[PDB]
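Asker: Just so you know, the first sequence maps onto residues 1 to 283, 292 to 367, 375 to 1074, 1085 to 1227 in PDB author numbering. For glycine and all other residues, C-beta sits at the position ideal for the given N, C-alpha and C.
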Amino acid sequence: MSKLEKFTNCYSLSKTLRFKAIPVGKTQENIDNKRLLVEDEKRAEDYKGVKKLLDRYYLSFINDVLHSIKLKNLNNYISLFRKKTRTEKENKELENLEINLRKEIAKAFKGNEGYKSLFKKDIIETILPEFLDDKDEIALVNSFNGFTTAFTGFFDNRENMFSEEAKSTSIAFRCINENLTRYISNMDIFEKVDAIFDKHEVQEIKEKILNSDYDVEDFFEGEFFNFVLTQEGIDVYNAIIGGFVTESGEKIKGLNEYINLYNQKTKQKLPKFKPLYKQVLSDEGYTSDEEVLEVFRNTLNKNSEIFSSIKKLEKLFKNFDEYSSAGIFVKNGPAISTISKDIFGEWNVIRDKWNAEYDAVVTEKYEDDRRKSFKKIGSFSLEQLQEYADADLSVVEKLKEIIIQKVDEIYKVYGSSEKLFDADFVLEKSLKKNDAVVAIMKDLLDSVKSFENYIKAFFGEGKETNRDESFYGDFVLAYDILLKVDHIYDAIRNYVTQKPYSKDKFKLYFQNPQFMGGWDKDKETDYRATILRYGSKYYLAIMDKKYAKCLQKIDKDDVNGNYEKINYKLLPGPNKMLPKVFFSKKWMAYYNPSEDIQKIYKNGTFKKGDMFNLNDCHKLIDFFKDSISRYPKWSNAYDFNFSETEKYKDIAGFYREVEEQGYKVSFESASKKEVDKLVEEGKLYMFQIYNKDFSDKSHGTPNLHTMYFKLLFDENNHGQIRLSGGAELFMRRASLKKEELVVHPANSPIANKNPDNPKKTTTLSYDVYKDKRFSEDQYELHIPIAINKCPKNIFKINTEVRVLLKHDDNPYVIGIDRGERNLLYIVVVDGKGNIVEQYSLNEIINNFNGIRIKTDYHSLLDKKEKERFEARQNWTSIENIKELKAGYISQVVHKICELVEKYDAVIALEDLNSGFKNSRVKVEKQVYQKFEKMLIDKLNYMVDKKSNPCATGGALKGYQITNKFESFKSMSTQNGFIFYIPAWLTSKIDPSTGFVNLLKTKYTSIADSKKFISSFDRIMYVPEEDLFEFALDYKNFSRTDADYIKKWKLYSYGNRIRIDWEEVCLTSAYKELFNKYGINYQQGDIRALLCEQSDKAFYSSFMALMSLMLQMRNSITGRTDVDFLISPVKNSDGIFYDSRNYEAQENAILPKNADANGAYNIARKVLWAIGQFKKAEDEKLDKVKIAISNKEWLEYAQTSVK
RNA sequence: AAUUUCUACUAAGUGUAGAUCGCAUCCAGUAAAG
DNA sequence: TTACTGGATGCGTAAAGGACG
DNA sequence: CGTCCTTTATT
Ligand SMILES: [Mg+2]
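#1: At a cut of 8 Å, does the stretch 119-135 reach the stretch 46-54 through at least three beta carbon pairs?
#2: Using the three-state DSSP reduction, which class does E104 fall into: helix, strand or coil?
#3: Check whether the stretch 815-824 and the stretch 1160-1177 are in contact - that is, three or more C-beta pairs closer than 8 Å.
#4: Using only CA atoms, which one of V828, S855, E1040 lies nearest to residue 1310?
#5: Can the beta-carbon of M722 be found less than 7 Å from the beta-carbon of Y554?
#6: Beta carbon of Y578, beta carbon of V757: below 7 Å?
#7: Any heavy atom of ligand 1 inside 6 Å of the beta-carbon of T716?
#8: Just grab the DSSP bridge partners of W602 for me.
#9: If you follow the beta strand (DSSP E) that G741 is part of, which residue opens it and which one closes it?
#10: Between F244 and the rest of its own chain, which residues show a CB-CB distance below 7 Å, the 5 nearest in sequence each way excluded?
#11: I need the straight-line Cα distance from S332 to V410, nearest angstrom please.
#12: Pull the bridge partners of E683 from the DSSP assignment, please.
#13: Keeping to the same chain, check which residues put their C-beta closer than 6 Å to that of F436; ignore five residues upstream and five downstream.
#14: Let me make sure I understand the geometry here. Which of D156, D450, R56, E95 has the alpha-carbon closest to that of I176?
#15: What's the gap between the Cα of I615 and the Cα of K634?
#16: Please classify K390 as buried or exposed, where buried requires at least 16 neighbouring CB atoms within 10 angstroms.
#17: Name the DSSP beta bridge partners of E130, please?
#18: Could you name each continuous alpha helix (DSSP H) segment of 4 residues or more that falls completely within the stretch 55-124, going from the start of the chain to the end?
#19: Taking the beta carbon of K580 as the centre, do at least 16 other beta carbons fall within 10 Å, making it buried, or is it exposed?
#20: Using 8 Å as the cut-off, can you tell me whether the stretch 745-755 makes contact with the stretch 785-793, which would need three or more C-beta pairs spanning the two stretches below that distance?
#21: Would you tell me roughly how many angstroms separate the C-alpha atoms of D1056 and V842, rounded to the nearest one?
#22: Between the stretch 1206-1218 and the stretch 799-819, are three or more C-beta pairs nearer than 8 Å?
#23: Going by Cα to Cα distance, which pick from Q529, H502, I31 is closest to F151?
#24: Using the Cα positions of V938 and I904, report the straight-line distance between them to the nearest angstrom.
#25: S962 to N862, Cα distance in whole Å?
#26: May I have the straight-line CA-CA distance separating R508 from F1161, to the nearest angstrom?
#27: What whole-angstrom Cβ distance do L492 and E467 have, given they're in contact under 8 Å?
#28: Considering only residues of the same chain and omitting the five flanking positions on each side of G532, which have a CB-CB separation below 7 Å?
#29: State buried or exposed for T378, treating a residue as buried only when at least 16 other CB atoms are found within 10 Å of its CB.
#30: For the alpha helix (DSSP H) containing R935, name the first residue and the last one.
#31: Looking at the unbroken beta strand (DSSP E) that takes in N861, where does it start and where does it end?
#32: Excluding the five sequence neighbours on either side, which residues of its own chain have a C-beta within less than 7 Å of the C-beta of residue 369, listed in chain order?
#33: Taking just the CA atoms, how far does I612 sit from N590?
#34: Give the DSSP-derived three-state secondary structure of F155 in the structure shown.
#35: Which runs of the beta strand (DSSP E), 3 residues or longer, sit entirely within the stretch 796-836?
Structure, rendered in structure tokens:
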């Protein structure tokens, strides 16, 4: 009974293995003498050029069919689409009409005589040349005759456009699912807003845009949809909505622009038309230090247009007082937070001063309709913001001094960068080497980017009642120029952040358009590539064009050494292959098929469906079985042992066997002298298939991909991992020069980088070079493999995980959380919430033999964050931080694999689609999304390298506990052994009671503080404990619906940390506050005494002391020792939870700190989800809803503790 | 600081630990408030 | 002020079939 | 003829 070992052999997946290809003997000389690498480097450049020409005809062909087309269901479909109350029967009716519309478009493409020609040999040889009218381009298309097969990959990408399926690539999908849906949405908007378009206004658009051929009204009729399937038609429909610029250039207004003015001027909010997506085929980075520089000097020198727009905006905002503050607006969003801080010094006083009108009891249903109407507002005027400004304070004037300050900072940074704009300037060193120059460019780009992004706020996205067009004329003219710095900034950074070496490479064909397409022995002559073995080494052997049969004549040599030549036989896609070989002209004449058989096949009765007859399909199987016996190329290759015909449920049952049996890989001997003579003579080219695990010097654990490769040829592998066709071979030219490589010379000691490593220094007898693999031309071989090609353990993975989890008695859950003090933190938990393991993943411990050496990835990030600070915040140090985290999670992935294998344990992760990231965490959402992907990817085939391959868990019996990755958005609910969870109330929660602070202790008023004190049931001093006790029922406070116990007694127990920072003893601080105001706190219930006090400084110290008491999480930034969690509430045995009581222990039953609490509590929400499983029936486990609500969580956290 | 490739390395000396789905094609613009 | 690649397509083929000398 | 390039068949 192990939940893990029930998830093997579940579904197939493809993977690619990569290797260096090292030429052997005279291979590279003979490749050089034949100029093969030059031919292929040119062919790659021509190949990319031909595809763009091929696109042109494909584009032109699409318009021919799209213009002719007329959709049949159009009116009926649109009405059914519009009904908002459709029976489920009518929803399936709509799907049928939607499918038929896509089929009308696709069948219009595929019904042509011409369609079949586009993806055949003919297009390059004949159809394209006649189409083109340029002599040069026709010559390029002519370069690829006899090379048509190599275009197959490109053809398929285009076949996707003409599919009828609802897929992103399809034309019919763009037309029907996307454009037609938008068209219908625009008809709805049109009828509401039809009248406001002026009679003159429409007659304009008909002559200016339409050219008088159609009326603007036609474009919002359903039957007129056919016009807009073409890109030409889309351009016209979008032009009505957006507006047009004629050949004369006169600006023509658009319908959506009219709507803007109306809703603006009348302070209304009518809807606006969606433009139509482009058709599917209608219409790069800087490459050198000289180009990167040339753009910086051209776009940002002191007489560039961007610098001209800065001088105009300086003159515009210098006259800020001259304009109407009622017609100047600031877009609502983050810019409201910033500008609020800029002038008052406070983020949320602008928040308050419109809360001032809007602001007293708070049901969250009212608090959302509060908080929401809030977000609805689009912008604020300078007058509205001045209405918020206290008297004697001018909002416009101190905005002027802030904007003007930002332009003066640009001009100062220009003077520090002035020599970078001399026509005389030349570059001494490369930019990445030249930290000084890159820092100068960055400083200037930043000062202009920040000025741009800050000024962008003065829009109001209007859509805005009467705007100061005198201000927004000069402002829009200058800003559209200034906006160009965004593209410039991103391009220059992306260049500096790049690596020094280049991964650029090109494909090698060896003059075969289907080169190395497959490995089948019979096709070895046609493909001219095969695999050899000599001891531990493996080789790719390529037969030269003039000697395709040279390897076939070789025989085994009894006396001398022998290569092992691969014997690879595959029967691919038997459902696809079996008919073509048996219904081919060549075989159909040989073997008389009874009319029943060709009927059944032409009728489709063997295929499952309403046309399906078991006996008919059975008859087809026996026909195939007999023909396979008569077909000896197949019968002799594979030892076929078919199940008896009568057993088969469908035709796929017979195919499934043929597919599994249709695979064989063995090796044949071949004379090493004869083969090596072929290589010497130039008849054969030989590369060693190589990574560093094949080196003589290599020792210790190999790469997981090295194991996959060797297992392809291991006789203990029985179709678990098949060697797939479609391998490719590339040349990646050297990107670095050897003389320019960083060297650590031999016999001189090199300092080690790891602080934890005891050995501080290493000395070798040989030289070592940084990035040596890019200082030389390198072949690389890509090999596709097929894992679990015939899966036998067919079940829905989530349903099985739910069945096992329910009936599993002691479910183990692995919780993972992101901490502020800890990159990641792990808590493993048994089926009842007890903590089994808890530790930080700040240090990755690497094992080699019995030795252990750890790496503190938290200290690595700390040193690189300090390196970021030094040298401002350099473009590279951010990349170095981004890559180091990416390599960190690849270490953690294996640490979770062990824990899943060790505890047979389910994983608990944060749902990043719902939760909100505090940004105190070191691992930002983006790096964590990447992690949760890698976790998914590894769990499709989870393998422990150090396990014996035949074992379950080993490289031949990998675990499949996770479905294939789909999207970041699909990382919700559950993916097999992984459950995604909201992070709400996982850290700031007492693990020993489930208690949470639901109180709002922010001070607003004396009157608001009095109702707060009165809402408690009792506040008294407890002499026998020297504590203050605050009894409360959460029902007497607002926004407290989620709590389940309701009644709690708080205590001023222990210390807190106020935030610089100070330590506050709660009990004595309350006594200090009460003594300052003459309150007698020993006199039983004190509640009347506090409310009697009339001083506001009392209630502010009182609310602040309540804030500290309910602040269960206490930290000092920069003090990793202080992250303690303390509860103001007692448990069952009258103990207060204090996380420092458990951080001391080696094995603690409760979390050791705030970061462990989250990982502890993320795992407990899975336990709740397992609890819901144990409530349902085996058949309805699919129906059980996993997502936990805050009210279900607080009920579980407060009852499960006991 | 060597790598099929990536990160961390130097890991006891031409390398260590973990990870690693390639190749082509198309369409995109969202986000985001204790 | 944000950092946007993120989504989905499709192949991972041997043997029929034909063109060209 | 052979040889090389093409085209094909799809639960
Ligand atoms: Mg290794």
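Answerer: With the structure as the only source:
#1: With contact defined as three or more Cβ pairs closer than 8 Å, the stretch 119-135 and the stretch 46-54 are in contact.
#2: Residue state, collapsed to three classes: helix.
#3: No, the stretch 815-824 does not touch the stretch 1160-1177.
#4: A query on residue 1310 cannot be resolved here, the shown segment of the chain reaching from 1 to 1227 and no further.
#5: Result no, Cβ atoms of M722 and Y554 do not sit closer than 7 Å.
#6: Cβ atoms of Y578 and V757: not closer than 7 Å.
#7: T716 Cβ: within cutoff of ligand 1.
#8: Answer is none; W602 lacks a bridge partner.
#9: No beta strand (DSSP E) contains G741, which DSSP labels as neither H nor E.
#10: Result list for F244: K208, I209, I252, in chain order.
#11: Roughly 13 Å separates the two Cα atoms.
#12: Its beta-bridge partners are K580.
#13: A distance below 6 Å between beta-carbons, with the five flanking residues on each side excluded, links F436 to the following residues of its chain, in chain order: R305, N309.
#14: Ranking the options by Cα distance to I176, first place goes to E95.
#15: Their backbone Cα atoms lie some 9 Å apart in a straight line.
#16: The residue in question, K390, is exposed, as its Cβ has fewer than 16 Cβ neighbours within 10 Å.
#17: BP columns for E130 are empty, so no partner.
#18: DSSP runs (the alpha helix (DSSP H)) wholly in the stretch 55-124: 74-82, 88-110, 115-118.
#19: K580 comes out buried.
#20: With a cut-off of 8 Å, the stretch 785-793 and the stretch 745-755 count as touching, because enough Cβ pairs lie within range.
#21: Those two C-alpha atoms are separated by around 29 Å.
#22: Contact between the stretch 1206-1218 and the stretch 799-819 is present, because at least three Cβ pairs lie under 8 Å.
#23: Ranking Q529, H502, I31 by Cα distance to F151 puts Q529 first.
#24: Each residue's CA atom was taken as its position, placing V938 and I904 some 10 Å apart.
#25: Distance between the alpha carbons of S962 and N862: 15 Å.
#26: Straight-line Cα distance between these residues: approximately 53 Å.
#27: No, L492 and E467 are not in contact; Cβ-Cβ is about 15 Å, not under 8 Å.
#28: Excluding its 5 nearest sequence neighbours in each direction, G532 has C-beta neighbours in its own chain below 7 Å: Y542, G740, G741, listed in chain order.
#29: Here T378 is exposed, its C-beta having fewer than 16 other C-beta atoms within 10 Å.
#30: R935 -> no alpha helix (DSSP H), and no H or E assigned at all.
#31: Start and end: 858-863.
#32: Gap in the chain between 367 and 375; residue 369 lies inside it and carries no coordinates.
#33: Using only the alpha carbons, I get a separation of about 16 Å.
#34: Reduced to three states, the DSSP call for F155 is helix.
#35: The stretch 796-836 contains these whole beta strand (DSSP E) runs: 828-832.
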